[PDB]
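**Q** Residue numbers (the authors' numbering): 11 to 341.
Every residue, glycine too, gets a C-beta built ideally from N, C-alpha and C.
Below are the structure tokens for one structure; questions will follow.
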Amino acid sequence: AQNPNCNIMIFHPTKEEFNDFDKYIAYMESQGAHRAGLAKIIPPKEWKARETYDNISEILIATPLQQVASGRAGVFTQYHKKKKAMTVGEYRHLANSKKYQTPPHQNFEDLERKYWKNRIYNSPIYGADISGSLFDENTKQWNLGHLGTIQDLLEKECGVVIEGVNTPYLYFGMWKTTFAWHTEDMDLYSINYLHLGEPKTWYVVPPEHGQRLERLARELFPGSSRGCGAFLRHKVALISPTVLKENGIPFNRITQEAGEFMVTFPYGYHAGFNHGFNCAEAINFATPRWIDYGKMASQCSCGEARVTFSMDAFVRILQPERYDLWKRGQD
Ligand SMILES: O=C(O)CNC(=O)C(=O)O
Ligand SMILES: [Mg+2]
Ligand code: NI
Ligand SMILES: [Zn+2]
Numbered sequence: 011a012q013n014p015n016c017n018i019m020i021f022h023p024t025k026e027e028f029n030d031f032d033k034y035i036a037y038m039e040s041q042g043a044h045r046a047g048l049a050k051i052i053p054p055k056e057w058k059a060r061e062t063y064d065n066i067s068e069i070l071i072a073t074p075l076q077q078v079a080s081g082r083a084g085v086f087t088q089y090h091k092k093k094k095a096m097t098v099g100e101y102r103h104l105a106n107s108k109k110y111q112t113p114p115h116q117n118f119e120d121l122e123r124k125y126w127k128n129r130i131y132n133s134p135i136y137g138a139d140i141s142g143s144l145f146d147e148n149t150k151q152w153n154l155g156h157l158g159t160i161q162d163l164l165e166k167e168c169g170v171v172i173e174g175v176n177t178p179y180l181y182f183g184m185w186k187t188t189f190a191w192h193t194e195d196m197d198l199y200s201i202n203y204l205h206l207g208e209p210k211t212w213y214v215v216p217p218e219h220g221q222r223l224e225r226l227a228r229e230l231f232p233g234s235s236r237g238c239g240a241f242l243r244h245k246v247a248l249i250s251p252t253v254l255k256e257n258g259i260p261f262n263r264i265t266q267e268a269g270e271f272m273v274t275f276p277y278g279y280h281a282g283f284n285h286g287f288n289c290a291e292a293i294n295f296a297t298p299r300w301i302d303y304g305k306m307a308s309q310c311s312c313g314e315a316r317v318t319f320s321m322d323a324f325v326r327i328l329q330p331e332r333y334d335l336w337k338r339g340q341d
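Below you can see the structure in the form of structure tokens.
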């Protein structure tokens with residue numbers, strides 16, 4: 011069995027190996043990459059996502075989110091308070107202000123220490139889930155706006171034609187902006203490209219150990235657990251590496267820098283934070299190996315998780331028994 015300790019693997023494809031996306035994903039899995047839940051892909055040196063980022067300031071963040079924390083430093087929830095619209099140029103200036111900017115630090119480890127010590131005492135503003143792309147249309151390799159769609163994968167594998175579309179999303183971050191512990195909708199893959207700016211630190215639990223994280227989360231967030239049998243789908247709960255180590259949960263960590271891709275694999279729980287002003291692009295995708303994970307994915311039916319139009323069909327075809335109750339949650 012390849013990668014039996016479930017370490018995060020890092021890949022350096024050549025320009026020739028960068029042509030066929032599906033084939034490279036299947037290669038990475040042949041080497042065991044999926045066992046970690048997360049992999050890093052460093053693009054060939056010849057490749058570029060676009061020529062420059064000099065003209066992005068007029069993108070609108072229509073609903074910036076202020077991430078307000080509650081709890082203790084290592085075990086907290088966050089709620090998202092909606093703020094007034096602002097441009098990317100305005101958001102960048104805000105990120106760089108004395109109130110919100112990255113503090114002085116020695117290296118990524120010192121910054122990680124400061125994040126876990128101090129996150130709860132501040133409320134950084136995140137521009138999340140903005141439909142759009144920063145890949146140039148002429149970029150033919152690993153262009154997250156030109157991937158094969160999940161609806162077409164389900165059709166190729168299972169023969170059933172369904173409605174829905176699959177498009178990318180932009181994330182504009184600042185120091186302390188936080189992504190809570192989650193897997194993807196329907197336990198899909200994700201791919202994330204850091205277009206510009208400061209790094210993003212990731213934490214991940216191997217898929218084969220995801221239920222260990224779920225059981226800890228039910229202990230640590232006991233009212234949320236009683237409210238919903240899949241409450242990590244709400245994307246609000248944080249648990250620090252120190253707490254995970256104290257409770258024996260297997261995990262790994264890695265820092266993504268500008269110019270690098272990360273892939274999350276089906277049922278790989280992940281969480282993390284941004285080091286300073288940055289812009290990432292991400293999208294979900296599927297392969298043949300995902301289909302069995304989709305059939306088994308938990309669902310939020312309490313009504314909190316409220317998700318895309320396209321997830322309807324996935325539930326309807328892969329989880330017909332749940333369909334009824336899950337749709338009660340979504341209406
Ligand atoms: O970058 C972020 O804020 C969160 N992204 C992801 O969870 C992802 O790509 O799967
Ligand atoms: Mg612009
Ligand atoms: Ni994710
Ligand atoms: Zn719920």
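If we count Cβ pairs, one from each stretch, closer than 8 Å, do we get three or more for the stretch 116-130 versus the stretch 82-99?
**A** yes
**Q** Taking the alpha-carbon of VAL273 as reference, which of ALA292, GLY286, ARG102, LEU75 has the nearest alpha-carbon?
**A** In the sequence shown, counting from the first residue as 1, residue 273 sits at position 263. Taking only the C-alpha atoms, the option nearest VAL273 is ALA292.
**Q** Could you pull the DSSP bridge partners for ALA43 from this structure?
**A** For the purposes of this step, residue 43 is identified with residue 33 of the sequence shown, where counting begins at 1. Per DSSP, none; premise fails for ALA43.
**Q** Just the Cα atoms here: how many angstroms apart are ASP341 and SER311?
**A** Your numbering for residue 341 matches position 331 in the sequence shown. Your numbering for residue 311 matches position 301 in the sequence shown. C-alpha separation (whole angstroms): 10 Å.
**Q** Assuming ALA43 contacts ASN13 (C-beta within less than 8 Å), just tell me the rounded distance between them.
**A** For the purposes of this step, residue 43 is taken as the residue at position 33 of the sequence shown. For the purposes of this step, residue 13 is taken as the residue at position 3 of the sequence shown. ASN13 and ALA43 do touch by the CB rule: their CB atoms are close to 7 Å apart, below 8 Å.
**Q** Can you list, in chain order, every residue whose CB sits closer than 5 Å to a heavy atom of ligand 4?
**A** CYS238, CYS310, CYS312, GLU314
**Q** Would you please state the rounded distance, in angstroms, between the beta carbons of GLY183 and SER320? I believe it to be under 8 Å.
**A** Against the sequence shown, residue 183 aligns to sequence position 173. Against the sequence shown, residue 320 aligns to sequence position 310. That belief does not hold up - the Cβ atoms of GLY183 and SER320 are roughly 25 Å apart, past 8 Å.
**Q** Taking the continuous beta strand (DSSP E) assigned at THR274, which residues delimit it?
**A** For this step, residue 274 is matched to residue 264 along the sequence shown. Segment 271-274, the beta strand (DSSP E) holding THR274.
**Q** Could you check the C-alpha separation between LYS25 and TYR34 for me, to the nearest Å?
**A** As a first step, residue 25 is located in the sequence shown; it is residue number 15 there, counting from the start. As a first step, residue 34 is located in the sequence shown; it is residue number 24 there, counting from the start. Straight-line Cα distance between these residues: approximately 12 Å.
**Q** What are the start and end residues of each continuous alpha helix (DSSP H) run of 4 or more residues lying completely inside the stretch 213-253, in chain order?
**A** 220-230, 232-237
**Q** Who are the near neighbours of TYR89 in its chain, counting only those whose CB is closer than 6 Å to its CB and skipping five residues on each side?
**A** Here the question's residue 89 lines up with position 79 in the sequence shown. The residues are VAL78.
**Q** Taking only runs of the alpha helix (DSSP H) that begin and end inside the stretch 287-313, which ones reach a length of at least 4 residues, in chain order?
**A** 300-306
**Q** Shortest alpha-carbon distance to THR159 belongs to which of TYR199, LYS186, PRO134?
**A** For the purposes of this step, residue 159 is identified with residue 149 of the sequence shown, where counting begins at 1. Answer by Cα proximity: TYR199.
**Q** Rounded to the nearest angstrom, how far is the Cβ of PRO216 from that of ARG45, given a contact under 8 Å?
**A** Position 206 of the sequence shown holds residue 216. Position 35 of the sequence shown holds residue 45. With 8 Å as the limit, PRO216 and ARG45 qualify as a contact, their Cβ atoms being about 6 Å apart.
**Q** Skipping 5 residues on each side, what residues in its chain have a beta carbon closer than 6 Å to that of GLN76?
**A** Counting from 1 along the sequence shown, the entry for residue 76 is found at position 66. Excluding positions up to five away in sequence, the list reads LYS91, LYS93, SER133, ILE135.
**Q** Could you tell me if the beta carbon of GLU208 falls within a distance shorter than 7 Å of some heavy atom in ligand 1?
**A** To locate residue 208, count along the sequence shown from 1; it is residue 198. The answer is no for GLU208.
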